[PDB]
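Here is the structure we will look at.
Heads up, the Cβs are rebuilt from the backbone with ideal geometry, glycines too, and the neighbour counts pull from every protein chain shown. Nothing in this text is a laboratory measurement; each read-out follows from the coordinates by a stated rule.
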Amino acid sequence: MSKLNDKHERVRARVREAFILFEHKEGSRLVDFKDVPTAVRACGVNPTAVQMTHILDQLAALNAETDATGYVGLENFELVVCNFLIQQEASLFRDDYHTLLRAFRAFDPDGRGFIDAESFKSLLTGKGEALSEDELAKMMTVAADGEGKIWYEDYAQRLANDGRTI
Amino acid sequence: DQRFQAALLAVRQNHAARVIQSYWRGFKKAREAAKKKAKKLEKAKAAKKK
């Protein structure tokens, strides 16, 4: 019970820190609705656009009972994001590096150890939650080397090492 | 046989694509937040030095 209580305390503290990082004013305890998806993702998880929609709808429903000032209260944001983070951590232990390795291996049936940047971008354009051309260009600039090859092991390691202190 | 194999490959590739897109969105947003925090810390240090 003490370990689970410490888990809750850590989740609440991390969500509070992420909320403070995105407060519109220092000490105002409010975060802009457009910044809510960014704050939730900065709270230490990488959920899909479906979960962005779910969390935004939940926070909007919670804020509907209060004044519709366009800002999300600290209490509501902490409750929603902490519940979602607890759900994620309990349902799956965040082995992000291995999950990304499996996802990248799904695109490499031959096990060549690398994925062509152009083919990978073309596949991502029409598969899954379609991203923008600017997002794809930034991704290939960050990942692809001078030879146009994406070493998915190193890329997954870098993705999982995105400053998330566990 | 080829159509069944291609359908299975397409399904797994779609799942992997969704996962990778979510993780890339998270990574980009985390990098933006880190840059914003670094800029704010530099501003605070500059103000303190005066």
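If the requirement is being within 11 Å of chain A (Cβ to nearest Cβ) and crowded, with 16+ Cβ neighbours inside 10 Å, which of these qualifies: B:31, B:18? Checking each option against the conditions leaves just B:18. Among the criteria (1) in a helix (DSSP H, G or I); (2) surrounded by fewer than 19 Cβ atoms within 10 Å (Cβ to Cβ); (3) within 14 Å of another protein chain (Cβ to nearest Cβ); (4) aliphatic (A, V, I, L, M), the one residue A:79 does not fulfil is (3). Considering only residues that are touching a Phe, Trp or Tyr at 6+ places or on another chain (Cβ under 9 Å) and of a type in the set (D, E, K, R), look in region A:17-40 and name the one that is farthest from residue B:21 (Cα to Cα). Checking each candidate, the answer is A:29.
Look at residue A:136 and say whether it is under 18 Å from the mean Cα position of the chain (by Cα) and more than 10 Å from chain B (Cβ to nearest Cβ). So residue A:136 fails the test.
Whether a residue is within 12 Å of chain B (Cβ to nearest Cβ), of a type in the set (D, E, K, R) and within 29 Å of residue A:160 (Cβ to Cβ) was assessed, and residue A:35 passes this test.
One residue stands out among those in region A:112-139 that are part of a loop (DSSP other than H, G, I, E, B) and touching a residue at least 12 places away in the same chain (Cβ under 8 Å): the one that is farthest from residue B:38 (Cα to Cα), which is A:113.
Considering only residues of region A:127-145 that are among the aliphatic types (A, V, I, L, M) and out of contact with any strand residue (DSSP E or B) (no Cβ under 9 Å at 6 or more places or on another chain), which is surrounded by the fewest Cβ atoms within 10 Å (Cβ to Cβ)? Give the derivation first.
Restricting attention to region A:127-145, the residues satisfying the condition of being among the aliphatic types (A, V, I, L, M) are A:130-131, A:136-137, A:139-140, A:142-144.
The next check asks that each one be out of contact with any strand residue (DSSP E or B) (no Cβ under 9 Å at 6 or more places or on another chain); those that pass are A:130-131, A:136-137, A:139, A:142.
On the way: A:130: 13, A:131: 19, A:136: 18, A:137: 11, A:139: 22, A:142: 14.
Result: A:137.
Scanning region A:125-132 finds one or more residues that are more than 16 Å from residue B:13 (Cβ to Cβ) and not acidic (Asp, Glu).
Working only within region A:109-126, note down all residues that are exposed (fewer than 15 other Cβ atoms within 10 Å of the Cβ) and either at the interface with chain B (Cβ under 8 Å from one of its Cβ atoms) or among the acidic types (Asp, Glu) (or both). If you could, list the steps in order and put the result at the bottom.
From region A:109-126, those exposed (fewer than 15 other Cβ atoms within 10 Å of the Cβ) are A:109-113, A:118-119, A:122, A:125-126; that's our starting set.
Listed by number, the residues that qualify are A:109, A:110, A:118.
When A:115, A:86 are checked against the criterion of being within 30 Å of residue A:30 (Cα to Cα) and either under 20 Å from the mean Cα position of the chain (by Cα) or among the aliphatic types (A, V, I, L, M) (or both), A:86 stands alone in meeting it. The residue pairs whose first member lies in region A:11-24 and is within 11 Å of chain B (Cβ to nearest Cβ), whose second member is of a type in the set (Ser, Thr, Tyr), and whose beta carbons are closer than 7 Å, counting only pairs six or more residues apart or on different chains, are A:22/A:38.
Going by what's in this entry, would residue A:59 be described as within 11 Å of chain B (Cβ to nearest Cβ), part of a helix (DSSP H, G or I) and surrounded by 13 or more Cβ atoms within 10 Å (Cβ to Cβ)?
Working: within 11 Å of chain B (Cβ to nearest Cβ): no; part of a helix (DSSP H, G or I): yes; surrounded by 13 or more Cβ atoms within 10 Å (Cβ to Cβ): yes.
Against the criterion (within 11 Å of chain B (Cβ to nearest Cβ), part of a helix (DSSP H, G or I) and surrounded by 13 or more Cβ atoms within 10 Å (Cβ to Cβ)), residue A:59 does not qualify.
Okay, residues lined up against (1) in a helix (DSSP H, G or I); (2) in contact (Cβ under 8 Å) with a residue 24 or more places away in the chain:
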| position | (1), (2) |
| --- | --- |
| A:141 | yes, no |
| A:146 | no, no |
| A:156 | yes, yes |
| A:163 | no, no |
